[PDB]
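Shown next as structure tokens: one chain only, the form deposited in one PDB entry.
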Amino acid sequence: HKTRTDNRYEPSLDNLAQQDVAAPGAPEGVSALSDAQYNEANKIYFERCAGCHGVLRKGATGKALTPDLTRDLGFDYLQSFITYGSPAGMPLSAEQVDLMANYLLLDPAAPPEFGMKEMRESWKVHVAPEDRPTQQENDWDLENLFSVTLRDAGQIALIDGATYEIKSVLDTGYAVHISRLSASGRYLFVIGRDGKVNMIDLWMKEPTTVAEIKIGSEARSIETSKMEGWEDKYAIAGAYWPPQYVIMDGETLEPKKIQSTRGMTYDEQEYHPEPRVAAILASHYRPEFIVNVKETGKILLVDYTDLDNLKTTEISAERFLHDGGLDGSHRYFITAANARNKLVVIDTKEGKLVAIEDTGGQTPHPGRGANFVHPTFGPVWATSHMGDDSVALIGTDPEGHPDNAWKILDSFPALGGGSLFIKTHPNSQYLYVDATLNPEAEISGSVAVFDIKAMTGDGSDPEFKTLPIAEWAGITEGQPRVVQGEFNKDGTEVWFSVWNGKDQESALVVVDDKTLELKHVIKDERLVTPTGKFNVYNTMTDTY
């Protein structure tokens, strides 16, 4: 129940917590909470507790807290245990503590479902396909555009990769989690934490939302079809609540196929009523989407060639699947079962699990990870960790380097714990590692940079250069967190977000990759809480 460096990246169900619920009746031995009391506790539960314990209280990273279990424990125990407080989220009073203890002793209702009728009611096509351009009608350099989340403003900025000019600021769902691009690079898809999806046509003279839809109450992932021949055919979104994924028309967003992720855990084979959808990727080898289902530890390969006779492969992997990426060849999916410190590898060509390996670190959090050619080991993919300062390398070349394939080849320290994103590009000799969640302001405001060319894999700890990103941005207020490297199309410049509060000063910092010197500082009154940044070309092509 204490804040760690790796227990802050747990779901916060703040959109779902805005829904009012009814107070249940209380069985003998338990006291009922009033309407107000129950809702107040429920809002606290959904915001701060459901991430680890579940909205249904069947347990996730934290153990189940169902009524039968909590009534055996008793109020006093619950009261005392909750008095300490709970692990903080991303950067309780006496009355609240009692509310939570009492709430846990009552029978929870399941939040509303969100099916086809609800999706179709939210589904709006602003510009039908026939009314859209048939060629690019603006003079922008679309492939070198960066789509940047302006988190708390419920907007995104589209920024020129070469001139750093903000080309447009568009209204979207609240706190967009990620931007994804169609395979052709024409269509930009964004998903808000509230399950709102916007689809934007980059060919319009003034790009804007051409279609929108809501796919759930809580959602974090979206992806587009990337198999050759299937460009622009489909998009897919994944939700935390309800536990489901939805395949939508790539041109209109019409919801075509909704699949529940409720099911059995892979290992103990017990029913789990809240298996959240985490990362979603798209295969380059088959016409399939790659869907991580967290609590059950299943990776789904979903064939989108026929949605009525639906072929899937449900791969037993490891529990607590979160994020991941494809290797350099784009054949193998490498993903973190973070709470179990493991990297699961799937062969997307053959449709099967190939390996599961412990990184030796605490809570691997790769993002999409970093693929590079290690001077001694050959092709490798890398991840950093939230729980410690380590960077781990896994071999990704079964054909050319069989002895190194799917083995952890090295592990070495970077700036500190609380890292979220590691980054490189084929044209760069550098490996960048952030330390976003580190409690030390100077560490959280800097990035470690390793010289891949100097790496020998002799067992020593490779040295790194420390780039003072937040210092370069010149922000005197607060303790801004630096997060997520993203390259430009040419792989010559790498951008970082200098993420401060909504009413505080933020920036983007552009680093010249060849020299590791400051290239440019992006500041604008409209640049509020900049977080994720996605270069059109690097996102459409999965170049990382």
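Numbers for residues come from their place in the sequence shown, where the first is 1.
Keep in mind that the form deposited in another entry is not shown, yet the notes after this line are about it.
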ask   = Assigning each C-alpha to the rigid part whose superposition suits it better, are residue 301 and residue 77 members of one part between this form and the one not shown?
value = no
remark   = One pair moves by 3 angstroms or more in the other entry: the C-alpha atoms of residue 59 and residue 333, which are farther
ask   = Once you compare with this form, do the C-alpha atoms of residue 322 and residue 51 lie closer or farther in the other entry, given a change of 3 Å or more?
value = farther
